[PDB]
């Protein structure tokens, strides 16, 4: 198996899958504009049903006139550490398809497909030497109103991206959590032939 990033996999996974993680101690430095565009470019190369590409990204750099708005759209707990990230953005998805004639049909996969784009985002960030950190502790209705998100678009998650620094900058409770998370055994989620896992 693989040993990497204080994690051990049961099978020889690429170390990239263990090395990608979501810390909270960010150094508050500026990220080059092209680096963020590369990250979002990788994200937008994700697969999606019918190649509909339902994801959207609304982003702000730490030097933005709207940085404080992006910070205050997160819940207080997340603000405490995410305010020191280099970039904040929201991952959004179109919850329908719309035709040339403006006819709307509910999308069965838009959130799923947005998640693929988000992993791609996190992976590209990782590859450039950054860490991305997903957030659901966010004010979704305020995001929609303040960021002019049109009807039929869903806020999936916030994302903080930055350069990792020493945990000492964190309050003690977060510093204690600054360690890569573990996973359940593969056999608890991967079943041959039929669903053999417990329902709970």
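Residue numbers count along the first chain shown, from 1.
Higher average CA B factor: 98-106, of the stretches 70-78 and 98-106. In the PDB entry, a CA B factor belonging to the highest third of its chain's modelled residues is recorded for residue 167. When the CA B factors of the chain's modelled residues are split into thirds, the value for residue 61 lands in the middle one. The PDB entry assigns residue 16 a C-alpha temperature factor belonging to the middle third of its chain's modelled residues. Among all modelled residues in its chain, residue 33 ranks in the highest third by Cα B-factor. The deposited CA B-factor of residue 39 belongs to the lowest third of values across its chain.
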